[PDB]
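Student: whatever this is, show me its structure:
(chains A, B, C, D, E and F)
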Amino acid sequence: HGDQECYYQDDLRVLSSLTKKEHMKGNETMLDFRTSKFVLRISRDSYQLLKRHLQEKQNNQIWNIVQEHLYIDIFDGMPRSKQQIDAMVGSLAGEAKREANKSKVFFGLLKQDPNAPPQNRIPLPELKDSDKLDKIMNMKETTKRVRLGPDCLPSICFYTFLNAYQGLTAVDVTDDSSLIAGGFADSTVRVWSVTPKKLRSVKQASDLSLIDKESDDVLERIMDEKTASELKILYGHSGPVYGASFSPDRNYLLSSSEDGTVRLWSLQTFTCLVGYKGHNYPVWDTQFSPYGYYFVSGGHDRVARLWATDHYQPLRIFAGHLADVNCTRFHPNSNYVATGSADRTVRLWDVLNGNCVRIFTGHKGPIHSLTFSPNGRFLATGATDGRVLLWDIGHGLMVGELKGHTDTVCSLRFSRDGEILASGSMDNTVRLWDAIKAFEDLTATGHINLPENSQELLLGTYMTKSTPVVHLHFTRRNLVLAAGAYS
Amino acid sequence: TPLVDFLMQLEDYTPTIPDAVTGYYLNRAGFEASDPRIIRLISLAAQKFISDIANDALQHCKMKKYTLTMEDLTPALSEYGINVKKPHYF
Amino acid sequence: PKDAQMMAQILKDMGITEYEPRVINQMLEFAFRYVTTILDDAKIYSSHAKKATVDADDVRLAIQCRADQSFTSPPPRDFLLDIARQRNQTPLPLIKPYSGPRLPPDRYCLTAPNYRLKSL
Amino acid sequence: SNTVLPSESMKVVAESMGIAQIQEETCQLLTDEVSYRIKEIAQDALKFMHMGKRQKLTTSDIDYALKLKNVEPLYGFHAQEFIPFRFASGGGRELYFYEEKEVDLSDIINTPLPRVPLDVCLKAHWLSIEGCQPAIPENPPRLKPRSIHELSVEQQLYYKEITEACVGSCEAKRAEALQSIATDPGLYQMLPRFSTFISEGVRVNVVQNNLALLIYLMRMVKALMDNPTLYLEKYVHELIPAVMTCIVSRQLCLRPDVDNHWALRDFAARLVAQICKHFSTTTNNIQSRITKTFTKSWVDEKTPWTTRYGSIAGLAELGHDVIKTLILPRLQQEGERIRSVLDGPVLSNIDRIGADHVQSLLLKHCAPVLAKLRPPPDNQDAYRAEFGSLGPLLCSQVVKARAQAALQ
Amino acid sequence: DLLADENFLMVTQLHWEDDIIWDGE
Amino acid sequence: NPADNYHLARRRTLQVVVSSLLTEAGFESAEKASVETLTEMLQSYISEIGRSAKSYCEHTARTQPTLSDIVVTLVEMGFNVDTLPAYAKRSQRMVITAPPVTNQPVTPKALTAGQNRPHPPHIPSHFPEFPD
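Tutor: Numbering: from 1, shown residues only, chains lettered A, B, ... in the order given. The protein structure is shown below:
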């Protein structure tokens, strides 16, 4: 165990505890490691030296262990360097096959784009005129939004939680910077209004019905002014609330917690509506679809479920990870779900057929932050090793690597244009990366020989006063919002 | 119905546990303070449970007072089916 | 203490420099609770097979029973992949926006008239 | 390595339960099973610490790691029927190694209730303004060319506004300027100009004894000292002789009207001087130097009584032991000075006022010396051995102090 | 040890009373 | 430290409550480990009617629990609820003061006078002002 790589140190100490058989018979991660095959992508120039040392009967037993427990995926090309092999390894069942990363992925945005899926592929929700009125005032925000770039660096407005003696475990901001949710360790969700407009809830069914009725200003009329606060506390989880997700229509808060339930809170009545009980185990994350009907929740039971807010049971179960599904993120077209996990793999899942279409390995710790490019062509992932790895989706080559952060990178977001990726970690820093110079260059070998472009891609570091950056948000006028409990 | 007639007499009668402390541990579990008389029944039901144990540990202290020990709590909770543990590690 | 100073070396061998104020103490309470129940089961097994002194085989029988009765670990990978392919075969349903509010059945939902007692 | 719990602790547990005569292989079988379950849970509690984004931990990760492994969280009692205490935890047991093992229900009631904080909120600030991090408190830290001053014009304008506010034309302006001095992080590299403005000011402000000008400058010194960012002991060689003169100087303005403020000005000066002797301390340079100047101010015969009162105050506020050693062999001289002011019909001068203030201050300091290291007895006429200055009234003050101690 | 930085800080090398004019000519 | 005073203001109020209840026909100067045992069974008991009466009402599609959800919760813990009006009817009850809040001045935060600078058009007016 001493002549192993330094990024396997947390993997070997779980093995030092395992000494008995019955200790391993209830681990369920080393039980799935013993039955799977390590993929072990090697070149044909190095495999000829390996097979000329194993096909002979002088060794004849380590060759029997190799062809029983190890896959070997051979590529025809140059043997990789040591600092390139170090960039793409670190996962159990590591360095997956290229035959998994060759499926056709519709990574384009909806409305021509040949990489875009049809509108009737996934049965999404409908839209009305009011929705075309939203995009008219959205492009007024895009005007004041400046092509951030490497010159016009954005201003960061940190929304710190000051007292927070119940531990803040989950933050979400709406797409327009109007609400901020907080999931806390005292089993509460707390919605804050950040615009000068107090949170109002319709008092009742016996009370909301006796108003409006073709009044034209229907939304204003039903809103109760007797209930108007700058803060609404939501009770009902029996455990620390780990996920928090707004819906794009600014109703329908989502929250998941240790008690194994996902909860759908209304933001018009400020009560709980549904409790989705599919996990018996802590649901570590949840997120609504960017169109607002489906939502994905990943938990301790090593699956991610796809729900629809209409069924008490899920629609898709994404069950290929070997450890906890830490993160669950939807694609911008919502046909694909990326699930990072604690077995150091990121996996894209097609919503049709529930199939894993991409497997991204190369992280050394459990993945805690996931984010898609607004193009839909790229995916940034962060983990406990402080590495932000930028993956292609049509190719799946993990082309860039950003290694500025020290501790666990717990929040990533790209800009609204895509010009800057913002990274927030437990180092109390908000680093900004050039997300245009990172993808400028973008196979038959499975790698691109990625450089050490981290120093060139860094634009700023922005140390925070004793405050871990839990969330990162981009205003539609390209202003960075961040929210961490002050410790 | 006696227990409905009992709870309707709890606008007065501040109990032994405050409602700022009983309501704190109820808010920790999702129970929110809709009715303050509802808190006072839960504060009374939690008093009566602790009082019934301290009244039965006194009978196990008269045979062997005016002092509550762990060897008095041990047979008092044994009829409740609760095995109390000595510290033994300090 | 004797057994509490070894507990601070099990944590320091796992690299835990700073954890909880009493984590060395609370883990010891769990360890004492875990050993006592297994020893109590082992003595019952010794009585069950009838012997002068408790032996290792009885402790092993207690260990296997304790793990089976309690530790349920998460479900295994061959069980998760079978319920996935049984669920992922069903196609996604279509949705009509004005047909009804988009929610699961009201009995399943936590939307009831939600009564309370009259103050009198 | 693989560290397990010791087996000689497992035999103690077994024989204290009724299971005697256990073999070593039977006992080693217990300590590798339970040391795995501690390692299995601490690796599993690590999941909740990394997903709780804290590293530090809050008594509770092991409660969820136990519930995850289908074992009940509570420690110290195990319910075989499982129904009153399911997988909900009880928060552990607040127990210690160095505890008393003896507790009183009455004692817990006697202890004062602690304070509960305001609920968590959401404040916003700025990490970066177009690339630059601001220094707000929410953030951590042959014709040649002409030279430039090392201050910016925003910094120079800030210095002008803060100094023109600190001369106290308006009180709210002063108070903000004093708080601005007390917590500006970038107030270094402007500090020579502030120290020079203080020092130069007091010296041309005692030419005419302008009390406010001095009370404002002493408050500026106090606001300079409690700022944690700036490095002060490069400038304390200008700061200390300014406070020294404030305390040991005569008042060119009429003494009677602003004597209470003059005593307050000396009180502000003594407080800063005692804080100055508390900080910045190296061997035998600062505290002993001001102690020697205070004692030769006291010892000198036929002093100005303003200087006498100020030096008396400065000597008095030096702490516990200093009055325990420096305010003992001198009571007779103090009494003789009081008797001289008393004798004779001229009270127009300031000598009588100075004498009354000095005697009152000396008598109060004697009271803790009497209280701290003596037992009360013969409070009627024994003080006549100390010239009979405060006598029975001093005894009454000591009795009031004893009553306050009884109330405490 | 006499070359320690503190020895040279002007709090330990300057007489405050001496510096003040104290109405002396 | 106001961080641990969030928990210790209410747990050391429950220590005065047990110290005031132990005087009701009980013992004197109890053992220390026997008090932290019994107040751990008390916190675990309030937290179990919290989780189970919420579960019984939400099973019936409601969000806040009535009386009929607790008299089924206490039955499933084996309580014999009918003896509770007599346990309140006694006069043994005593009055314990509510714990003090950490902050008395509510919201005294007034920052400091030094307004300078405006906002660029990509920052709305509701964000904090640019500093001095």
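
Student: list the contacts for the closest residue to chain E within chain B?
Tutor: The nearest approach of chain B to chain E comes at residue B:90, 45.8 Å away (Cβ to the nearest Cβ). Every C-beta, even on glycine, is put in place using the N, C-alpha and C of the backbone. Contact partners of residue B:90, counting by Cβ atoms under 8 Å, 6 or more residues apart in numbering or on different chains, are C:1, C:25, D:95, D:96, D:97, D:98, D:99, D:101.

Student: would you mind writing the PyMOL command to select the buried ones in those?
Tutor: Burial among those is assessed by 16 or more other Cβ atoms under 10 Å in any protein chain shown; the matching PyMOL selection reads:
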select buried, (chain C and resi 25) or (chain D and resi 95)
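
Student: go through the contacts of residue B:90 and flag which are in helices.
Tutor: In this view, these that belong to helices under DSSP state H are residue C:25.

Student: which one among the contacts of residue B:90 gets closest to residue A:462?
Tutor: residue C:25 (40.2 Å; Cβ to Cβ).

Student: next one: phi and psi at the closest residue to residue D:387 other than its chain neighbours?
Tutor: Distance criterion Cβ to Cβ, 6 or more residues apart in numbering or on different chains; nearest residue to residue D:387, sequence neighbours excluded, is residue D:335 at 2.6 Å. Torsion angles at residue D:335 (phi, psi; degrees, to the nearest 10) stand at phi -60, psi -40.

Student: quick check: bridge partners of residue A:193?
Tutor: residue A:179 (DSSP bridges).

Student: scan chain D for its longest helix.
Tutor: Longest helix in chain D, counting by DSSP H: helix D:24-51.

Student: so the helix or strand following that helix, near chain F or not?
Tutor: For helix D:24-51, the following helix or strand on the C-terminal side (DSSP states H and E) is helix D:61-68. No: judged by Cβ under 8 Å from any Cβ of the partner chain, helix D:61-68 makes no contact with chain F; its nearest approach is 10.6 Å.

Student: return the list of helices and strands in contact with helix D:61-68.
Tutor: Applying 3 or more Cβ pairs under 8 Å, 6 or more residues apart in numbering or on different chains; DSSP states H and E, one finds that helix D:61-68 contacts helix C:23-49, helix D:24-51.

Student: got the angle between the last one and helix C:23-49?
Tutor: Angular relation of helix D:24-51 and helix C:23-49 on a 0 to 180 degree scale: 140 degrees, by axes from the mean of the first three to the mean of the last three Cα atoms, to 10 degrees.

Student: which secondary structure elements does helix D:24-51 sit against?
Tutor: helix A:9-17, helix C:2-13, helix C:23-49, helix C:56-69, helix D:7-15, helix D:61-68.

Student: for it, buried residues please.
Tutor: D:26-27, D:29-31, D:33-51.

Student: chain center to that helix, what's the gap?
Tutor: 46 Å (Cα atoms, centre = their mean, to the nearest Å).

Student: residues contacting residue D:104?
Tutor: So residue D:104 contacts F:19, F:28, F:29, F:30 (Cβ under 8 Å, 6+ apart).

Student: redo that, cut-off 7 Å
Tutor: Shown in contact with residue D:104 (Cβ atoms under 7 Å, 6 or more residues apart in numbering or on different chains): residue F:29.

Student: likewise for the one 5 residues further on?
Tutor: Taking Cβ under 7 Å, 6+ apart as the contact definition, residue D:109 lies against F:16, F:19, F:20.

Student: contacting chain B as well, which ones from those?
Tutor: residue F:20 (Cβ under 7 Å from any Cβ of the partner chain).

Student: is chain C within reach of stretch D:8-21?
Tutor: Yes: interface with chain C: stretch D:8-21 contributes D:9, D:10, D:13, D:14, D:17, D:19, D:21 (Cβ under 7 Å from any Cβ).

Student: got these as TSV, with distance to residue A:175 and neighbour count columns?
Tutor: Shown next, in TSV, are the residues of stretch D:8-21 next to chain C (distance: Cβ to Cβ, whole Å; neighbours: other Cβ atoms under 10 Å in any protein chain shown):
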residue	distance to residue A:175	neighbour count
D:9	58	23
D:10	59	22
D:13	59	18
D:14	63	22
D:17	62	13
D:19	64	19
D:21	71	10
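
Student: quick one: list the elements packing against the longest helix along chain B.
Tutor: Using DSSP H to define each element, chain B has its longest helix at helix B:36-62. Helix B:36-62 sits against helix B:19-27, helix B:70-76, helix F:5-21, helix F:32-59, helix F:84-89, with contacts defined as 3 or more Cβ pairs under 7 Å, 6 or more residues apart in numbering or on different chains; DSSP states H and E.

Student: in terms of secondary structure, what does the third one contact?
Tutor: Under the contact criterion of 3+ Cβ pairs under 7 Å, 6+ apart, helix F:5-21 touches helix B:19-27, helix B:36-62, helix D:105-110, helix F:32-59.

Student: restricting to C-alpha, output the helix or strand that comes right after the shortest one in CSV.
Tutor: Next along the chain after helix D:105-110, taking DSSP H and E as the criterion, comes strand D:123-128. Coordinates of each C-alpha in strand D:123-128 appear next as CSV, following Å, rounded to 0.1, in the frame of the first residue of the first chain:
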residue,chain,number,x,y,z
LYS,D,123,-26.5,40.2,4.0
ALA,D,124,-24.9,41.0,0.7
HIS,D,125,-21.5,42.7,0.0
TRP,D,126,-18.9,42.9,-2.7
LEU,D,127,-16.0,40.5,-3.2
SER,D,128,-14.9,42.2,-6.4
